[PDB]
Protein chains: 2
Amino acid sequence: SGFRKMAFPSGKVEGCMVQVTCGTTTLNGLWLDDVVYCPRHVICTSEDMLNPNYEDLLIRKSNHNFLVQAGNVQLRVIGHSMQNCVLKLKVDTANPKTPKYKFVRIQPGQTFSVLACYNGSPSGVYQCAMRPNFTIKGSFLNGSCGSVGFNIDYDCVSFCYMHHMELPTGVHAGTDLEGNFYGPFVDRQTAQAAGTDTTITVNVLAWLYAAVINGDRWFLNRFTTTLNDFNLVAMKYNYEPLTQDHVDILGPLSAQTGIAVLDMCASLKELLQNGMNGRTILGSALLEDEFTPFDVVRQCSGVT
Amino acid sequence: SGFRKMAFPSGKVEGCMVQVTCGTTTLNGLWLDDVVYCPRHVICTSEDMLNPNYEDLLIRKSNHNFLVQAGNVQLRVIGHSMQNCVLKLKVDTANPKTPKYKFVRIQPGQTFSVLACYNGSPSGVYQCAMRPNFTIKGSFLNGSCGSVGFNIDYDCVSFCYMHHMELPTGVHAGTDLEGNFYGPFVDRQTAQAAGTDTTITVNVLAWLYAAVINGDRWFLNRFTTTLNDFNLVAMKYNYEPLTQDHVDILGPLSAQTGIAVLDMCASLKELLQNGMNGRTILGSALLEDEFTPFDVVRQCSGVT
Ligand SMILES: COc1ccc2cncc(NC(=O)Cc3cccc(Cl)c3)c2c1
Ligand SMILES: COc1ccc2cncc(NC(=O)Cc3cccc(Cl)c3)c2c1
């Protein structure tokens, strides 16, 4: 038993973390095979950060201008390209520690592990979620740019996120590994609307199943509800609307506990309308939405 | 900005995770140099788990009975010894991936990262704290025995915890790497008193400093307090008594924010006497005590 905000082991990812220096700026790069991926804002200076002409800024750059360092050994840059908002630097050596990897674009509400890095050195790892508004609530400081988010299935690392920017609101915005930002965000030091963020309902329901599995049952009740009635309650409390696909994904947890998904919806409806009344669920005084149904299954079954 | 329950990168630790099989039982081992450390309850069977005679059970065992597996390759056991509640199996090969390591016994209130493993395979990593009552609130399933807790300074892994047991209350008990349990716990399937657990006050104060550093200031007030007055409040709310040593350790965070430790104590006194009033601090509706002053400094400064 026990329920923690568990991240994937970062080992396979530490072996890809490099330091990228361009001009006066240093950020993190992801060395996979003979390519180093990093945020394109490495070619920028403070003056041009308000609205940079990335194509023009990259033109004044040659392979020898980009300095890629892997721990201590210098990598030789033989090619440079800009793919959306990332630079792909072809290096003459393939990373001996490259794991089996995929570049995947996650959906909002999905979770992943983040390995925060500074100067190519990892400092920590935390599990987080792609918010419905495409922001992430991470922990990032200056120099954390280039830190990646990922998921791990058996031996394959699916890279899903690269950190680029911190919004004035303190939340974080970044891209997939092909350079496409999640959300409407652009790599300019300009004020940007993060958007209205909602609560990932299916994740809160999955965490309620995780609570029952781990002994917390006080929130269970003699009531049930329909998808329609629950969705009216969810709309009032800024929760993502529940669909039959969400109910289907909660099938495994519903079968393990023997609690129908609409009976768990009725418990969540009561928790929303009445609050926690000073109590806790899994050590928390608020409803948690950063555990997908898959995360709860993995943690309560012990998939390695 | 941002404040997460960040764990150390698990890379250096994954390279030491082995699988130990003895008889019908399988648990995790820590392969450092030519020794594999694991919980001694690997030599037990269900019948003798109520009160095992470990000395007698180990006598019926020879080096060839212990099966140590590192990923896929089998290790050759040339020596076996029992040190308190851990077995030290001398293997003929030194772990090529052994990091610079220390075996340290942490104090209650200290934090560490845990790499949960099953069959020698890591599954996740989470940051947690040694509770004042010497239990840990981890996430462990059957087969998680042998999973270690650690801290990392530069390149040195300080191993501080080895998981042995889950108490009937769902909390976890384990040992240091010399086989000494933290707390009064023994490796027997017997009901054991976990003890009264208190809230690590200096950690809650450190997290309040982390809240101010990251924009959350609603809890700050026009009041101050003495060590004595604050300690009366802490006693009523089952918080660890604050000492001048705790105040001294909060010196760096007090200097960064410019908020005197006794003014932050007065804010905590109000939060305890009045609750959060439905609000949150760093995304939480309760007072957090699993971030030491060092953790807050590391996370808000970016030590790699
Ligand atoms: C300067 O202080 C910080 C603190 C925390 C930080 C956390 N994440 C990122 C940082 N910097 C940037 O976002 C730099 C930047 C600016 C505009 C557009 C783009 Cl793509 C990048 C951070 C800086
Ligand atoms: C059998 O199910 C579980 C579930 C979660 C579990 C989480 N941690 C540990 C487990 N097992 C034990 O503690 C085995 C045991 C028993 C008595 C004394 C000692 Cl030293 C060891 C777990 C078992």
# chains A, B, ... in the order shown; residues from 1 in each chain; ligands from 1
call {"tool": "residues_near_ligand", "arguments": {"ligand": "ligand 2", "cutoff": "8 Å", "atoms": "only C-alpha atoms and all ligand atoms", "output": "compact mmCIF listing (two decimals) with N, CA and C atoms, in the first residue's frame"}}
result
# COMPACT_ATOMS: atom_id res chain seq x y z
N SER A 1 0.80 -1.21 0.00
CA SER A 1 0.00 0.00 0.00
C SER A 1 0.86 1.30 0.00
N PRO B 39 17.42 -7.30 2.49
CA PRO B 39 16.83 -7.59 3.80
C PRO B 39 17.00 -9.06 4.12
N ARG B 40 17.40 -9.39 5.34
CA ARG B 40 17.62 -10.78 5.73
C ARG B 40 16.37 -11.65 5.67
N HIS B 41 15.17 -11.05 5.65
CA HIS B 41 13.93 -11.84 5.58
C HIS B 41 13.75 -12.55 4.21
N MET B 49 7.58 -16.84 9.47
CA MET B 49 7.62 -15.38 9.46
C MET B 49 7.05 -14.72 10.72
N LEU B 50 6.35 -15.47 11.59
CA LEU B 50 5.79 -14.92 12.83
C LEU B 50 6.87 -14.57 13.86
N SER B 139 5.25 4.24 -0.98
CA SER B 139 4.34 3.50 -1.83
C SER B 139 5.06 2.23 -2.15
N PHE B 140 4.68 1.15 -1.47
CA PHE B 140 5.37 -0.11 -1.62
C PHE B 140 4.41 -1.24 -1.73
N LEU B 141 4.69 -2.20 -2.61
CA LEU B 141 3.88 -3.41 -2.79
C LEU B 141 4.70 -4.64 -2.41
N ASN B 142 4.11 -5.84 -2.53
CA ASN B 142 4.85 -7.07 -2.24
C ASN B 142 5.97 -7.21 -3.27
N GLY B 143 7.19 -7.44 -2.80
CA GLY B 143 8.35 -7.50 -3.68
C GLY B 143 9.17 -6.22 -3.68
N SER B 144 8.65 -5.15 -3.06
CA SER B 144 9.38 -3.89 -2.95
C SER B 144 10.52 -3.96 -1.92
N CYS B 145 10.63 -5.06 -1.14
CA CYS B 145 11.63 -5.23 -0.09
C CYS B 145 13.00 -5.17 -0.71
N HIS B 163 14.14 -0.69 2.46
CA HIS B 163 12.80 -1.07 2.84
C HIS B 163 12.71 -2.54 3.24
N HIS B 164 12.06 -2.80 4.37
CA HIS B 164 11.91 -4.17 4.84
C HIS B 164 10.48 -4.58 5.00
N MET B 165 9.66 -3.69 5.53
CA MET B 165 8.37 -4.08 6.02
C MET B 165 7.26 -3.04 5.92
N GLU B 166 6.04 -3.51 5.75
CA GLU B 166 4.89 -2.65 5.79
C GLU B 166 4.12 -3.00 7.06
N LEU B 167 3.86 -2.00 7.88
CA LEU B 167 3.15 -2.18 9.13
C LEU B 167 1.68 -2.38 8.83
N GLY B 170 -0.39 0.37 7.20
CA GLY B 170 -0.09 0.83 5.85
C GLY B 170 1.18 1.65 5.73
N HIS B 172 5.40 2.32 6.31
CA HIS B 172 6.55 1.49 6.02
C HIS B 172 7.70 1.64 7.01
N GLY B 174 11.80 0.25 7.77
CA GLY B 174 13.01 -0.27 7.16
C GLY B 174 14.24 0.04 7.97
N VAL B 186 10.93 -4.57 14.31
CA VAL B 186 11.65 -5.83 14.16
C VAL B 186 11.12 -6.58 12.93
N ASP B 187 11.98 -7.37 12.25
CA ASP B 187 11.55 -8.10 11.06
C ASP B 187 10.83 -9.42 11.39
N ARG B 188 9.60 -9.30 11.92
CA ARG B 188 8.67 -10.38 12.30
C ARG B 188 7.29 -9.96 11.84
N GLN B 189 6.45 -10.90 11.38
CA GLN B 189 5.08 -10.59 11.01
C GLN B 189 4.27 -10.61 12.31
N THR B 190 4.44 -9.54 13.10
CA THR B 190 3.83 -9.31 14.39
C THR B 190 3.30 -7.87 14.40
call {"tool": "interface_residues", "arguments": {"of": "chain B", "to": "chain A", "cutoff": "8 Å", "atoms": "only C-alpha atoms", "output": "ChimeraX atom specification"}}
result
/B:1-12,14,115,117-118,121-126,137-141,170-171,284-286,299-304
call {"tool": "write_last_selection", "arguments": {"atoms": "N, CA, C and O atoms", "output": "compact mmCIF listing (two decimals), in the first residue's frame"}}
result
# COMPACT_ATOMS: atom_id res chain seq x y z
N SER B 1 10.56 29.76 -11.10
CA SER B 1 9.61 29.49 -10.04
C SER B 1 8.95 28.08 -10.16
O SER B 1 9.28 27.30 -11.06
N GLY B 2 8.09 27.76 -9.20
CA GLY B 2 7.42 26.48 -9.07
C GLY B 2 7.99 25.71 -7.89
O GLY B 2 9.18 25.85 -7.57
N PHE B 3 7.15 24.89 -7.23
CA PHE B 3 7.62 24.07 -6.11
C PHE B 3 7.05 22.68 -6.11
O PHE B 3 5.90 22.47 -5.73
N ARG B 4 7.88 21.72 -6.49
CA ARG B 4 7.52 20.31 -6.58
C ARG B 4 8.20 19.44 -5.53
O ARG B 4 9.23 19.82 -4.99
N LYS B 5 7.62 18.23 -5.26
CA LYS B 5 8.17 17.23 -4.34
C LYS B 5 9.17 16.45 -5.17
O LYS B 5 8.92 15.35 -5.67
N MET B 6 10.30 17.07 -5.37
CA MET B 6 11.33 16.60 -6.24
C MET B 6 12.23 15.58 -5.63
O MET B 6 12.77 15.79 -4.55
N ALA B 7 12.46 14.49 -6.34
CA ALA B 7 13.38 13.47 -5.92
C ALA B 7 14.73 13.63 -6.67
O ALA B 7 14.79 14.27 -7.71
N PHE B 8 15.81 13.07 -6.14
CA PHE B 8 17.11 13.07 -6.80
C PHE B 8 17.03 12.20 -8.03
O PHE B 8 16.28 11.21 -8.04
N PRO B 9 17.85 12.48 -9.06
CA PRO B 9 17.86 11.59 -10.22
C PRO B 9 18.35 10.19 -9.78
O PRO B 9 19.32 10.07 -9.04
N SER B 10 17.59 9.16 -10.13
CA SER B 10 17.85 7.79 -9.69
C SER B 10 18.91 7.01 -10.46
O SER B 10 19.12 5.84 -10.13
N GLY B 11 19.53 7.60 -11.48
CA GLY B 11 20.50 6.92 -12.34
C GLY B 11 21.60 6.13 -11.65
O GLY B 11 21.76 4.93 -11.91
N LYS B 12 22.35 6.78 -10.76
CA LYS B 12 23.42 6.13 -10.02
C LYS B 12 22.94 4.92 -9.18
O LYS B 12 23.71 4.00 -8.92
N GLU B 14 19.96 3.01 -10.00
CA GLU B 14 19.47 1.94 -10.87
C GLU B 14 20.56 0.95 -11.23
O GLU B 14 20.29 -0.24 -11.37
N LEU B 115 13.84 4.69 -4.59
CA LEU B 115 13.67 4.10 -5.90
C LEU B 115 12.94 2.78 -5.65
O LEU B 115 13.55 1.83 -5.18
N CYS B 117 11.57 -0.73 -6.36
CA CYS B 117 11.96 -1.79 -7.28
C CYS B 117 11.18 -3.07 -7.02
O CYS B 117 10.79 -3.33 -5.90
N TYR B 118 11.03 -3.90 -8.06
CA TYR B 118 10.38 -5.21 -8.01
C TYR B 118 11.21 -6.14 -8.90
O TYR B 118 11.46 -5.80 -10.06
N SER B 121 14.16 -4.65 -10.81
CA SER B 121 13.81 -3.64 -11.81
C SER B 121 13.18 -2.41 -11.16
O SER B 121 12.16 -2.52 -10.46
N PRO B 122 13.76 -1.23 -11.40
CA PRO B 122 13.16 -0.01 -10.84
C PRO B 122 11.85 0.33 -11.53
O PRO B 122 11.69 0.07 -12.73
N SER B 123 10.88 0.85 -10.77
CA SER B 123 9.60 1.25 -11.37
C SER B 123 9.30 2.73 -11.20
O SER B 123 8.61 3.30 -12.04
N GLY B 124 9.82 3.34 -10.16
CA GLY B 124 9.55 4.73 -9.89
C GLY B 124 10.41 5.31 -8.79
O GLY B 124 11.13 4.59 -8.09
N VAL B 125 10.34 6.61 -8.66
CA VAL B 125 11.14 7.32 -7.69
C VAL B 125 10.31 8.41 -7.07
O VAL B 125 9.59 9.12 -7.77
N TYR B 126 10.34 8.49 -5.74
CA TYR B 126 9.57 9.52 -5.03
C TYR B 126 10.34 10.03 -3.85
O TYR B 126 11.09 9.28 -3.20
N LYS B 137 6.18 7.16 4.88
CA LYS B 137 4.89 7.07 4.20
C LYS B 137 5.23 6.92 2.73
O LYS B 137 5.23 7.91 2.00
N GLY B 138 5.62 5.72 2.34
CA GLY B 138 6.01 5.46 0.96
C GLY B 138 4.91 4.78 0.18
O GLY B 138 3.75 4.80 0.59
N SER B 139 5.25 4.24 -0.98
CA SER B 139 4.34 3.50 -1.83
C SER B 139 5.06 2.23 -2.15
O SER B 139 6.00 2.23 -2.95
N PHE B 140 4.68 1.15 -1.47
CA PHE B 140 5.37 -0.11 -1.62
C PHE B 140 4.41 -1.24 -1.73
O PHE B 140 3.42 -1.26 -1.01
N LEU B 141 4.69 -2.20 -2.61
CA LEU B 141 3.88 -3.41 -2.79
C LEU B 141 4.70 -4.64 -2.41
O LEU B 141 5.85 -4.52 -2.01
N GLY B 170 -0.39 0.37 7.20
CA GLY B 170 -0.09 0.83 5.85
C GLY B 170 1.18 1.65 5.73
O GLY B 170 1.57 1.99 4.61
N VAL B 171 1.81 2.01 6.86
CA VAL B 171 3.06 2.77 6.81
C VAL B 171 4.22 1.81 6.67
O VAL B 171 4.06 0.61 6.87
N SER B 284 -1.39 23.42 -2.16
CA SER B 284 -1.81 22.46 -1.14
C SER B 284 -2.73 23.06 -0.08
O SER B 284 -2.49 24.17 0.40
N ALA B 285 -3.78 22.32 0.29
CA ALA B 285 -4.72 22.77 1.31
C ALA B 285 -4.34 22.35 2.76
O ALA B 285 -5.13 22.49 3.69
N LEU B 286 -3.12 21.85 2.94
CA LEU B 286 -2.61 21.50 4.24
C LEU B 286 -1.15 21.92 4.37
O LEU B 286 -0.48 22.22 3.37
N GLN B 299 16.20 23.54 -4.27
CA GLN B 299 15.19 23.72 -5.30
C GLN B 299 15.03 25.17 -5.75
O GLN B 299 14.81 25.42 -6.93
N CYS B 300 15.17 26.14 -4.83
CA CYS B 300 15.04 27.55 -5.19
C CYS B 300 16.37 28.17 -5.67
O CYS B 300 16.37 29.31 -6.13
N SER B 301 17.50 27.44 -5.62
CA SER B 301 18.79 27.95 -6.10
C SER B 301 19.27 27.22 -7.36
O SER B 301 19.96 27.82 -8.19
N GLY B 302 18.89 25.93 -7.49
CA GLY B 302 19.18 25.10 -8.65
C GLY B 302 20.47 24.31 -8.60
O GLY B 302 21.16 24.18 -9.62
N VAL B 303 20.80 23.75 -7.42
CA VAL B 303 22.01 22.94 -7.24
C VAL B 303 21.89 21.64 -8.06
O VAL B 303 20.90 20.93 -7.94
N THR B 304 22.88 21.34 -8.92
CA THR B 304 22.83 20.14 -9.77
C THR B 304 23.79 19.03 -9.33
O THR B 304 24.03 18.09 -10.09
call {"tool": "select_by_dssp", "arguments": {"residues": "region 29-117 of chain A", "states": "strand (DSSP E or B)", "output": "number ranges by chain"}}
result
A: 29-32, 35-39, 66-70, 73-75, 77-83, 86-91, 100-103, 111-117
call {"tool": "write_last_selection", "arguments": {"atoms": "C-alpha atoms", "output": "CSV table (one decimal), in the first residue's frame"}}
result
chain,number,residue,atom,x,y,z
A,29,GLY,CA,20.2,19.6,-24.8
A,30,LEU,CA,19.0,16.1,-25.4
A,31,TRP,CA,21.6,14.0,-27.1
A,32,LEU,CA,20.0,11.0,-28.8
A,35,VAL,CA,21.7,14.7,-32.8
A,36,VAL,CA,21.3,17.2,-29.9
A,37,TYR,CA,17.9,18.8,-29.5
A,38,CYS,CA,17.5,22.0,-27.6
A,39,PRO,CA,15.2,25.1,-27.5
A,66,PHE,CA,27.2,26.1,-31.0
A,67,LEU,CA,29.1,24.5,-28.1
A,68,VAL,CA,27.8,21.1,-27.0
A,69,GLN,CA,29.3,19.5,-23.9
A,70,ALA,CA,28.5,16.0,-22.6
A,73,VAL,CA,33.9,15.9,-23.3
A,74,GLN,CA,33.1,18.4,-26.2
A,75,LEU,CA,31.0,17.2,-29.1
A,77,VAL,CA,28.8,19.9,-34.4
A,78,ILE,CA,28.7,19.1,-38.1
A,79,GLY,CA,25.2,20.2,-39.0
A,80,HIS,CA,22.6,22.7,-37.5
A,81,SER,CA,18.9,23.0,-38.4
A,82,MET,CA,15.8,24.7,-36.9
A,83,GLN,CA,12.6,22.5,-36.7
A,86,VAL,CA,14.0,23.4,-31.5
A,87,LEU,CA,17.5,23.3,-33.0
A,88,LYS,CA,18.8,19.9,-34.1
A,89,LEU,CA,22.6,19.9,-34.0
A,90,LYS,CA,24.1,17.0,-35.8
A,91,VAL,CA,27.1,15.8,-33.8
A,100,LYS,CA,15.2,3.0,-27.2
A,101,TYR,CA,13.2,6.2,-27.7
A,102,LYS,CA,10.1,7.7,-29.4
A,103,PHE,CA,9.1,11.3,-29.8
A,111,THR,CA,1.1,12.8,-17.1
A,112,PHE,CA,4.9,12.5,-17.4
A,113,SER,CA,8.2,12.7,-15.5
A,114,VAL,CA,10.4,15.8,-15.8
A,115,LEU,CA,14.2,15.7,-15.2
A,116,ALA,CA,15.1,19.3,-14.3
A,117,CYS,CA,18.6,20.1,-15.5
call {"tool": "select_by_dssp", "arguments": {"residues": "region 32-159 of chain A", "states": "helix (DSSP H, G or I)", "output": "list in words"}}
result
residues 40, 41, 42, 43, 47, 48, 49, 54, 55, 56, 57, 58, 59, 63, 64 and 65 of chain A
call {"tool": "closest_residue", "arguments": {"among": "A:240, A:288, A:99, A:71", "to": "residue 196 (chain A)", "atoms": "only C-alpha atoms"}}
result
A:240
call {"tool": "residues_around", "arguments": {"residues": "residue 241 (chain A)", "least_positions_apart": "6", "cutoff": "9 Å", "atoms": "only C-alpha atoms", "output": "VMD selection string"}}
result
chain A and resid 200 to 202 230 to 232 234 to 235
call {"tool": "write_last_selection", "arguments": {"atoms": "C-alpha atoms", "output": "PDB file, in the first residue's frame"}}
result
ATOM      1  CA  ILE A 200      -8.936  16.557 -15.223  1.00  0.00           C
ATOM      2  CA  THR A 201     -12.049  14.710 -13.984  1.00  0.00           C
ATOM      3  CA  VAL A 202     -11.003  11.181 -15.077  1.00  0.00           C
ATOM      4  CA  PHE A 230     -22.562  14.493 -13.005  1.00  0.00           C
ATOM      5  CA  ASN A 231     -21.544  16.647 -16.023  1.00  0.00           C
ATOM      6  CA  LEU A 232     -23.771  19.540 -14.836  1.00  0.00           C
ATOM      7  CA  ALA A 234     -18.553  19.185 -13.217  1.00  0.00           C
ATOM      8  CA  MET A 235     -19.426  22.264 -15.352  1.00  0.00           C
TER       9      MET A 235
END
call {"tool": "residues_around", "arguments": {"residues": "residue 257 (chain A)", "least_positions_apart": "6", "cutoff": "9 Å", "atoms": "only C-alpha atoms", "output": "count of residues only"}}
result
3
call {"tool": "closest_residue", "arguments": {"among": "A:106, A:265, A:44, A:160", "to": "ligand 1", "atoms": "only C-alpha atoms and all ligand atoms"}}
result
A:44
